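Here is upload.tsv, consisting of TSV, N, CA and C atoms:
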```tsv
chain	number	residue	atom	x	y	z
A	1	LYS	N	8.60	16.44	-7.12
A	1	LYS	CA	8.84	15.19	-6.40
A	1	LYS	C	9.94	14.38	-7.07
A	2	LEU	N	10.36	13.30	-6.41
A	2	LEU	CA	11.41	12.44	-6.95
A	2	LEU	C	10.81	11.21	-7.63
A	3	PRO	N	11.60	10.58	-8.51
A	3	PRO	CA	11.17	9.39	-9.25
A	3	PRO	C	11.03	8.16	-8.34
A	4	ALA	N	10.86	7.00	-8.95
A	4	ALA	CA	10.71	5.76	-8.20
A	4	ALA	C	10.78	4.55	-9.13
A	5	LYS	N	11.75	3.67	-8.88
A	5	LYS	CA	11.92	2.47	-9.69
A	5	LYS	C	11.43	1.23	-8.94
A	6	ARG	N	10.17	1.26	-8.53
A	6	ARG	CA	9.58	0.14	-7.80
A	6	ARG	C	8.07	0.07	-8.04
A	7	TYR	N	7.42	-0.90	-7.41
A	7	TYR	CA	5.98	-1.08	-7.56
A	7	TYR	C	5.32	-1.32	-6.21
A	8	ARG	N	5.73	-0.54	-5.21
A	8	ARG	CA	5.18	-0.66	-3.87
A	8	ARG	C	4.66	0.68	-3.37
A	9	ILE	N	3.69	0.63	-2.46
A	9	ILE	CA	3.10	1.84	-1.90
A	9	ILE	C	2.72	1.64	-0.44
A	10	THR	N	2.57	2.75	0.28
A	10	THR	CA	2.22	2.70	1.69
A	10	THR	C	0.86	3.36	1.94
A	11	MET	N	0.10	2.79	2.87
A	11	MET	CA	-1.22	3.32	3.20
A	11	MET	C	-1.16	4.17	4.47
A	12	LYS	N	-2.13	5.06	4.62
A	12	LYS	CA	-2.20	5.93	5.79
A	12	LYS	C	-3.64	6.22	6.18
A	13	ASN	N	-3.86	6.49	7.46
A	13	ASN	CA	-5.20	6.78	7.96
A	13	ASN	C	-6.08	5.54	7.90
A	14	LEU	N	-5.51	4.39	8.22
A	14	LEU	CA	-6.24	3.13	8.20
A	14	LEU	C	-6.21	2.46	9.57
A	15	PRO	N	-6.84	3.12	10.56
A	15	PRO	CA	-6.90	2.60	11.93
A	15	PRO	C	-7.80	1.37	12.05
A	16	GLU	N	-7.37	0.28	11.42
A	16	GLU	CA	-8.14	-0.96	11.46
A	16	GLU	C	-7.22	-2.17	11.63
A	17	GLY	N	-7.80	-3.30	12.03
A	17	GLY	CA	-7.01	-4.50	12.23
A	17	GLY	C	-6.64	-5.18	10.93
A	18	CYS	N	-6.94	-4.52	9.81
A	18	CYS	CA	-6.64	-5.06	8.49
A	18	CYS	C	-5.20	-5.55	8.43
A	19	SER	N	-5.02	-6.86	8.43
A	19	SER	CA	-3.69	-7.46	8.37
A	19	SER	C	-3.31	-7.82	6.94
A	20	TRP	N	-2.10	-8.31	6.76
A	20	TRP	CA	-1.61	-8.69	5.44
A	20	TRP	C	-2.66	-9.52	4.69
A	21	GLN	N	-3.29	-10.44	5.40
A	21	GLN	CA	-4.32	-11.29	4.81
A	21	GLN	C	-5.51	-10.47	4.34
A	22	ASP	N	-5.94	-9.53	5.18
A	22	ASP	CA	-7.07	-8.67	4.85
A	22	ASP	C	-6.77	-7.83	3.62
A	23	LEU	N	-5.77	-6.97	3.72
A	23	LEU	CA	-5.38	-6.10	2.62
A	23	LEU	C	-5.14	-6.91	1.35
A	24	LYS	N	-4.59	-8.11	1.51
A	24	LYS	CA	-4.32	-8.98	0.38
A	24	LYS	C	-5.62	-9.50	-0.24
A	25	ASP	N	-6.60	-9.78	0.61
A	25	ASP	CA	-7.89	-10.27	0.15
A	25	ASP	C	-8.62	-9.21	-0.67
A	26	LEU	N	-8.75	-8.02	-0.10
A	26	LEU	CA	-9.43	-6.92	-0.78
A	26	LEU	C	-8.65	-6.47	-2.01
A	27	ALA	N	-7.32	-6.53	-1.91
A	27	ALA	CA	-6.46	-6.13	-3.02
A	27	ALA	C	-6.67	-7.04	-4.23
A	28	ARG	N	-6.61	-8.35	-4.00
A	28	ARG	CA	-6.79	-9.32	-5.07
A	28	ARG	C	-8.22	-9.31	-5.58
A	29	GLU	N	-9.16	-9.00	-4.68
A	29	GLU	CA	-10.57	-8.96	-5.05
A	29	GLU	C	-10.90	-7.67	-5.79
A	30	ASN	N	-10.09	-6.64	-5.58
A	30	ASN	CA	-10.29	-5.35	-6.22
A	30	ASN	C	-9.51	-5.27	-7.53
A	31	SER	N	-9.17	-6.43	-8.08
A	31	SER	CA	-8.41	-6.48	-9.33
A	31	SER	C	-7.00	-5.95	-9.13
A	32	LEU	N	-6.39	-6.30	-8.01
A	32	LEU	CA	-5.03	-5.86	-7.70
A	32	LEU	C	-4.23	-6.98	-7.05
A	33	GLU	N	-3.35	-7.60	-7.83
A	33	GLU	CA	-2.51	-8.69	-7.33
A	33	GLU	C	-1.21	-8.15	-6.74
A	34	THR	N	-0.89	-8.61	-5.53
A	34	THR	CA	0.33	-8.17	-4.86
A	34	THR	C	1.24	-9.36	-4.54
A	35	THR	N	2.54	-9.10	-4.49
A	35	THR	CA	3.51	-10.14	-4.19
A	35	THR	C	4.08	-9.99	-2.79
A	36	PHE	N	3.87	-8.82	-2.19
A	36	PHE	CA	4.36	-8.55	-0.85
A	36	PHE	C	3.42	-7.60	-0.11
A	37	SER	N	3.26	-7.83	1.19
A	37	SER	CA	2.38	-7.00	2.01
A	37	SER	C	2.95	-6.83	3.42
A	38	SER	N	2.53	-5.77	4.10
A	38	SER	CA	3.00	-5.50	5.46
A	38	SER	C	2.11	-4.46	6.14
A	39	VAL	N	1.96	-4.59	7.45
A	39	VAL	CA	1.14	-3.67	8.23
A	39	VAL	C	1.81	-3.32	9.55
A	40	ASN	N	1.24	-2.34	10.25
A	40	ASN	CA	1.78	-1.91	11.54
A	40	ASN	C	0.71	-1.97	12.62
A	41	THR	N	0.72	-3.05	13.40
A	41	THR	CA	-0.25	-3.23	14.47
A	41	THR	C	0.36	-2.89	15.83
A	42	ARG	N	1.68	-2.93	15.91
A	42	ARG	CA	2.39	-2.62	17.15
A	42	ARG	C	1.93	-1.28	17.71
A	43	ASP	N	1.69	-0.32	16.81
A	43	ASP	CA	1.25	1.01	17.22
A	43	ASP	C	-0.13	1.32	16.64
A	44	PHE	N	-0.67	2.48	17.01
A	44	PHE	CA	-1.98	2.90	16.53
A	44	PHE	C	-1.85	3.92	15.41
A	45	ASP	N	-0.72	3.87	14.70
A	45	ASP	CA	-0.47	4.79	13.60
A	45	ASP	C	-1.41	4.51	12.43
A	46	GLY	N	-1.87	3.26	12.34
A	46	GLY	CA	-2.78	2.89	11.27
A	46	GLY	C	-2.17	3.11	9.90
A	47	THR	N	-1.06	2.42	9.62
A	47	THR	CA	-0.39	2.55	8.34
A	47	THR	C	0.13	1.20	7.85
A	48	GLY	N	-0.05	0.95	6.55
A	48	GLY	CA	0.41	-0.31	5.98
A	48	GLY	C	1.25	-0.11	4.74
A	49	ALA	N	1.63	-1.21	4.10
A	49	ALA	CA	2.45	-1.15	2.89
A	49	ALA	C	2.24	-2.40	2.03
A	50	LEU	N	2.05	-2.18	0.74
A	50	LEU	CA	1.84	-3.29	-0.20
A	50	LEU	C	2.70	-3.12	-1.44
A	51	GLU	N	2.93	-4.22	-2.15
A	51	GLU	CA	3.74	-4.19	-3.36
A	51	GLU	C	3.15	-5.11	-4.43
A	52	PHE	N	3.19	-4.66	-5.68
A	52	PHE	CA	2.66	-5.44	-6.79
A	52	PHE	C	3.78	-5.89	-7.73
A	53	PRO	N	3.54	-6.98	-8.46
A	53	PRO	CA	4.52	-7.54	-9.40
A	53	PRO	C	4.72	-6.66	-10.62
A	54	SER	N	3.71	-5.85	-10.93
A	54	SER	CA	3.77	-4.95	-12.08
A	54	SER	C	3.41	-3.53	-11.68
A	55	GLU	N	3.85	-2.56	-12.48
A	55	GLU	CA	3.57	-1.15	-12.20
A	55	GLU	C	2.11	-0.82	-12.51
A	56	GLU	N	1.56	-1.48	-13.52
A	56	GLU	CA	0.17	-1.26	-13.91
A	56	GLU	C	-0.77	-1.39	-12.71
A	57	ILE	N	-0.58	-2.46	-11.94
A	57	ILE	CA	-1.41	-2.70	-10.77
A	57	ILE	C	-1.11	-1.69	-9.67
A	58	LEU	N	0.14	-1.24	-9.60
A	58	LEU	CA	0.56	-0.27	-8.60
A	58	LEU	C	-0.14	1.07	-8.82
A	59	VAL	N	0.04	1.64	-10.00
A	59	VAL	CA	-0.57	2.92	-10.34
A	59	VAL	C	-2.09	2.83	-10.29
A	60	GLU	N	-2.63	1.72	-10.78
A	60	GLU	CA	-4.07	1.52	-10.79
A	60	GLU	C	-4.61	1.40	-9.36
A	61	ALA	N	-4.01	0.51	-8.58
A	61	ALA	CA	-4.43	0.30	-7.20
A	61	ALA	C	-4.22	1.56	-6.37
A	62	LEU	N	-3.18	2.32	-6.70
A	62	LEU	CA	-2.87	3.55	-5.98
A	62	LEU	C	-3.92	4.62	-6.26
A	63	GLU	N	-4.35	4.70	-7.52
A	63	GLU	CA	-5.35	5.68	-7.92
A	63	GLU	C	-6.76	5.21	-7.55
A	64	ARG	N	-6.90	3.91	-7.35
A	64	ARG	CA	-8.19	3.33	-6.99
A	64	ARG	C	-8.36	3.25	-5.48
A	65	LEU	N	-7.23	3.25	-4.76
A	65	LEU	CA	-7.25	3.18	-3.31
A	65	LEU	C	-7.09	4.56	-2.69
A	66	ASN	N	-6.37	5.44	-3.39
A	66	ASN	CA	-6.15	6.80	-2.92
A	66	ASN	C	-7.47	7.46	-2.53
A	67	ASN	N	-7.56	7.89	-1.28
A	67	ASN	CA	-8.77	8.54	-0.78
A	67	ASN	C	-9.97	7.62	-0.90
A	68	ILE	N	-10.17	6.78	0.12
A	68	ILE	CA	-11.29	5.85	0.13
A	68	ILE	C	-11.89	5.73	1.53
A	69	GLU	N	-13.22	5.66	1.59
A	69	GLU	CA	-13.91	5.55	2.87
A	69	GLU	C	-14.04	4.08	3.29
A	70	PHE	N	-13.64	3.79	4.52
A	70	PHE	CA	-13.71	2.43	5.04
A	70	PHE	C	-13.79	2.43	6.56
A	71	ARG	N	-14.85	1.84	7.10
A	71	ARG	CA	-15.04	1.77	8.54
A	71	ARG	C	-15.14	3.17	9.14
A	72	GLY	N	-15.69	4.10	8.37
A	72	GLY	CA	-15.83	5.47	8.84
A	72	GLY	C	-14.52	6.23	8.81
A	73	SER	N	-13.50	5.63	8.19
A	73	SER	CA	-12.19	6.25	8.11
A	73	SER	C	-11.74	6.38	6.65
A	74	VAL	N	-11.15	7.52	6.32
A	74	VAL	CA	-10.67	7.76	4.96
A	74	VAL	C	-9.21	7.35	4.81
A	75	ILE	N	-8.99	6.20	4.19
A	75	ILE	CA	-7.64	5.69	3.98
A	75	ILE	C	-7.05	6.23	2.69
A	76	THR	N	-5.74	6.46	2.69
A	76	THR	CA	-5.05	6.98	1.52
A	76	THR	C	-3.77	6.19	1.24
A	77	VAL	N	-3.41	6.08	-0.04
A	77	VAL	CA	-2.21	5.36	-0.44
A	77	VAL	C	-1.23	6.28	-1.15
A	78	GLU	N	0.05	6.14	-0.80
A	78	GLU	CA	1.09	6.96	-1.41
A	78	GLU	C	2.40	6.19	-1.52
A	79	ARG	N	2.99	6.20	-2.71
A	79	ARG	CA	4.25	5.50	-2.95
A	79	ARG	C	5.39	6.13	-2.16
A	80	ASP	N	6.32	5.30	-1.70
A	80	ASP	CA	7.46	5.79	-0.93
A	80	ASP	C	8.73	5.03	-1.31
A	81	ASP	N	9.58	5.67	-2.10
A	81	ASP	CA	10.83	5.05	-2.53
A	81	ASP	C	11.99	5.47	-1.62
A	82	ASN	N	12.65	4.49	-1.02
A	82	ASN	CA	13.77	4.75	-0.13
A	82	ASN	C	14.98	3.90	-0.50
A	83	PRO	N	15.61	4.23	-1.64
A	83	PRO	CA	16.78	3.50	-2.13
A	83	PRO	C	18.01	3.74	-1.27
A	84	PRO	N	19.06	2.92	-1.49
A	84	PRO	CA	20.31	3.03	-0.73
A	84	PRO	C	21.09	4.29	-1.08
A	85	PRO	N	22.12	4.59	-0.27
A	85	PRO	CA	22.96	5.77	-0.47
A	85	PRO	C	23.85	5.64	-1.71
A	86	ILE	N	24.78	6.58	-1.86
A	86	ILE	CA	25.70	6.57	-3.00
A	86	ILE	C	26.94	5.73	-2.69
A	87	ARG	N	27.24	5.58	-1.41
A	87	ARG	CA	28.41	4.81	-0.98
A	87	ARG	C	28.18	3.32	-1.22
```
As a first step, turn the structure in this file into structure tokens.
Amino acid sequence: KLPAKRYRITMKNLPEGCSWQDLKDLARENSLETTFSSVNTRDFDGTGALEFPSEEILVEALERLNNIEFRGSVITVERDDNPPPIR
């Protein structure tokens, strides 16, 4: 796989109305502070994205959120780095 110089991750398999406020609530309550959040309600893809101020919370929250049962659905988190081109 490729490296990553950030502290953000994306969620998948989360077909719920969990909005920025929701994910932010559970995140902060689960010992995970985030500075940025985002979700996709426009479609039924059930995928979100969160970011932490530090890497410690990112790796921890990622390993603590990765593969989790919620509302009868198994949600998973995976980092996705998409930096700019070389030009």
task = Write out as a list in words all residues of chain A that DSSP puts in strand (DSSP E) for this structure's backbone.
result = residues 8, 9, 10, 11, 12, 36, 37, 38, 39, 48, 49, 50, 51, 68, 69, 70, 73, 74, 75, 76, 77 and 78 of chain A
Long-range neighbours of stretch 46-56 of chain A as a PDB file with N, CA and C atoms, in the frame of the given file, 6 Å cut-off, all atoms listed in the file, 5 positions minimum in chain:
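Saved file around.pdb follows:
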```pdb
ATOM      1  N   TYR A   7       7.420  -0.900  -7.410  1.00  0.00           N
ATOM      2  CA  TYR A   7       5.980  -1.080  -7.560  1.00  0.00           C
ATOM      3  C   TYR A   7       5.320  -1.320  -6.210  1.00  0.00           C
ATOM      4  N   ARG A   8       5.730  -0.540  -5.210  1.00  0.00           N
ATOM      5  CA  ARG A   8       5.180  -0.660  -3.870  1.00  0.00           C
ATOM      6  C   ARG A   8       4.660   0.680  -3.370  1.00  0.00           C
ATOM      7  N   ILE A   9       3.690   0.630  -2.460  1.00  0.00           N
ATOM      8  CA  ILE A   9       3.100   1.840  -1.900  1.00  0.00           C
ATOM      9  C   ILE A   9       2.720   1.640  -0.440  1.00  0.00           C
ATOM     10  N   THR A  10       2.570   2.750   0.280  1.00  0.00           N
ATOM     11  CA  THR A  10       2.220   2.700   1.690  1.00  0.00           C
ATOM     12  C   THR A  10       0.860   3.360   1.940  1.00  0.00           C
ATOM     13  N   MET A  11       0.100   2.790   2.870  1.00  0.00           N
ATOM     14  CA  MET A  11      -1.220   3.320   3.200  1.00  0.00           C
ATOM     15  C   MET A  11      -1.160   4.170   4.470  1.00  0.00           C
ATOM     16  N   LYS A  12      -2.130   5.060   4.620  1.00  0.00           N
ATOM     17  CA  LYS A  12      -2.200   5.930   5.790  1.00  0.00           C
ATOM     18  C   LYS A  12      -3.640   6.220   6.180  1.00  0.00           C
ATOM     19  N   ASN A  13      -3.860   6.490   7.460  1.00  0.00           N
ATOM     20  CA  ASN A  13      -5.200   6.780   7.960  1.00  0.00           C
ATOM     21  C   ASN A  13      -6.080   5.540   7.900  1.00  0.00           C
ATOM     22  N   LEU A  14      -5.510   4.390   8.220  1.00  0.00           N
ATOM     23  CA  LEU A  14      -6.240   3.130   8.200  1.00  0.00           C
ATOM     24  C   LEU A  14      -6.210   2.460   9.570  1.00  0.00           C
ATOM     25  N   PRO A  15      -6.840   3.120  10.560  1.00  0.00           N
ATOM     26  CA  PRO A  15      -6.900   2.600  11.930  1.00  0.00           C
ATOM     27  C   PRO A  15      -7.800   1.370  12.050  1.00  0.00           C
ATOM     28  N   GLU A  16      -7.370   0.280  11.420  1.00  0.00           N
ATOM     29  CA  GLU A  16      -8.140  -0.960  11.460  1.00  0.00           C
ATOM     30  C   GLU A  16      -7.220  -2.170  11.630  1.00  0.00           C
ATOM     31  N   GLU A  33      -3.350  -7.600  -7.830  1.00  0.00           N
ATOM     32  CA  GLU A  33      -2.510  -8.690  -7.330  1.00  0.00           C
ATOM     33  C   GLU A  33      -1.210  -8.150  -6.740  1.00  0.00           C
ATOM     34  N   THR A  34      -0.890  -8.610  -5.530  1.00  0.00           N
ATOM     35  CA  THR A  34       0.330  -8.170  -4.860  1.00  0.00           C
ATOM     36  C   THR A  34       1.240  -9.360  -4.540  1.00  0.00           C
ATOM     37  N   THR A  35       2.540  -9.100  -4.490  1.00  0.00           N
ATOM     38  CA  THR A  35       3.510 -10.140  -4.190  1.00  0.00           C
ATOM     39  C   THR A  35       4.080  -9.990  -2.790  1.00  0.00           C
ATOM     40  N   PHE A  36       3.870  -8.820  -2.190  1.00  0.00           N
ATOM     41  CA  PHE A  36       4.360  -8.550  -0.850  1.00  0.00           C
ATOM     42  C   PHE A  36       3.420  -7.600  -0.110  1.00  0.00           C
ATOM     43  N   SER A  37       3.260  -7.830   1.190  1.00  0.00           N
ATOM     44  CA  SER A  37       2.380  -7.000   2.010  1.00  0.00           C
ATOM     45  C   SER A  37       2.950  -6.830   3.420  1.00  0.00           C
ATOM     46  N   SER A  38       2.530  -5.770   4.100  1.00  0.00           N
ATOM     47  CA  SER A  38       3.000  -5.500   5.460  1.00  0.00           C
ATOM     48  C   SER A  38       2.110  -4.460   6.140  1.00  0.00           C
ATOM     49  N   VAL A  39       1.960  -4.590   7.450  1.00  0.00           N
ATOM     50  CA  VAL A  39       1.140  -3.670   8.230  1.00  0.00           C
ATOM     51  C   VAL A  39       1.810  -3.320   9.550  1.00  0.00           C
ATOM     52  N   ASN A  40       1.240  -2.340  10.250  1.00  0.00           N
ATOM     53  CA  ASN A  40       1.780  -1.910  11.540  1.00  0.00           C
ATOM     54  C   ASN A  40       0.710  -1.970  12.620  1.00  0.00           C
ATOM     55  N   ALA A  61      -4.010   0.510  -8.580  1.00  0.00           N
ATOM     56  CA  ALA A  61      -4.430   0.300  -7.200  1.00  0.00           C
ATOM     57  C   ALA A  61      -4.220   1.560  -6.370  1.00  0.00           C
TER      58      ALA A  61
END
```
key: Residues flagged alpha helix (DSSP H) by DSSP in stretch 5-37 of chain A, as a ChimeraX atom specification   = /A:20-29
Adding 8 Å on each side of the box along x, y and z that holds all listed atoms of stretch 58-64 of chain A, could you give its centre and edge lengths in Å to one decimal, as JSON?
```
{"center_x": -3.9, "center_y": 2.2, "center_z": -8.1, "size_x": 24.9, "size_y": 22.9, "size_z": 21.3}
```
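The interatomic distance for the pair atom CA of residue A:58 and atom CA of residue A:2 works out to 16.8 Å.
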ask   = Quick one, how far is atom N of residue A:79 from atom CA of residue A:62?
value =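 Pair atom N of residue A:79 / atom CA of residue A:62 returns 7.2 Å.
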Given all atoms listed in the file as the counted atoms, nearest of A:25, A:17, A:68, A:63 to residue A:41 = A:17
Interatomic distance, atom C of residue A:5 to atom CA of residue A:81 (Å, one decimal) =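 Between these atoms lies a distance of 7.5 Å.
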